[PDB]
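Contents: one structure, followed by commentary.
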Ligand code: HEM
Ligand SMILES: O=Nc1ccccc1
């Protein structure tokens, strides 16, 4: 469980991400897709994108970045009490999208790498630590739904 102080650091930096949900989304997906090309293959929607320039120019990618960061923000603002928000995500991602839990680790690294670029002053190592912890709690809870479902 995160402390109240840890939550405040998390949600402080997230309030900032939300100045530009779309721009954050782009940076995060593109970092994921370049660092972990296997991830891009899970998306029939996006696997025609063969360069970073093409990814950056994709309005549909941008659109989907917002869908993702919107869901994550909702989850983070529950400060651990995210059961309702997490059940549908775990279901669709295990059984329909076929996403390994390992890939949640990779997007966690991407989120941290980007939150870093765009809000250094509000993402010192204390806030980085808190954000790590929050993303780890999320992954743990997803992992247990996965195990339930046989994935
Ligand atoms: C922070 C982690 C994540 C969040 C919050 C998230 C959120 C979402 C949401 C809200 C949707 C649409 C609704 C649904 O189908 O359930 C979605 C769809 C999807 N997600 Fe994720 N996701 C996450 C991680 C990942 C990762 C790491 C991958 C792949 C490596 C992935 C692959 C997909 C795919 C393939 C779809 C279907 C998209 C389409 O073609 O339209 N997700 N995600
Ligand atoms: O659509 N869900 C995604 C979440 C994170 C990265 C890429 C896609």
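Chain A residue numbers are taken from Swiss-Prot; in order, the displayed residues are 2-152.
Technique stated in the header: X-ray crystallography, 1.8 Å.
Just so it is clear, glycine is given a Cβ too, placed from its N, Cα and C backbone atoms.
Other C-beta atoms found within 10 angstroms of the C-beta of residue 65 (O2 binding site) number 17, with every protein chain shown included. Feature annotation from Swiss-Prot assigns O2 binding site to 65; the stated evidence is experimental evidence.
Taken residue by residue with DSSP, residue 65 (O2 binding site) is part of a helix. Taken from Swiss-Prot, the feature nitrite binding site covers 65.
DSSP gives residue 94 (heme b binding site) a helix state. According to Swiss-Prot, the heme b binding site annotation covers 94.
What Swiss-Prot lists as phosphoserine is 4. Cβ environment of residue 4 (phosphoserine): no same-chain residue six or more positions apart lies under 8 Å away.
The phosphothreonine feature in Swiss-Prot is assigned to 68; the stated evidence is similarity to another entry. Contacts of residue 68 (phosphothreonine) defined by a Cβ separation under 8 A and a same-chain sequence distance of 6+ are given as none.
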Cβ atoms near residue 94 (heme b binding site) (within 10 Å, other residues, all chains): 20
Inter-residue Cα distance where the pair is residue 94 (heme b binding site) and residue 65 (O2 binding site), in Å: 15
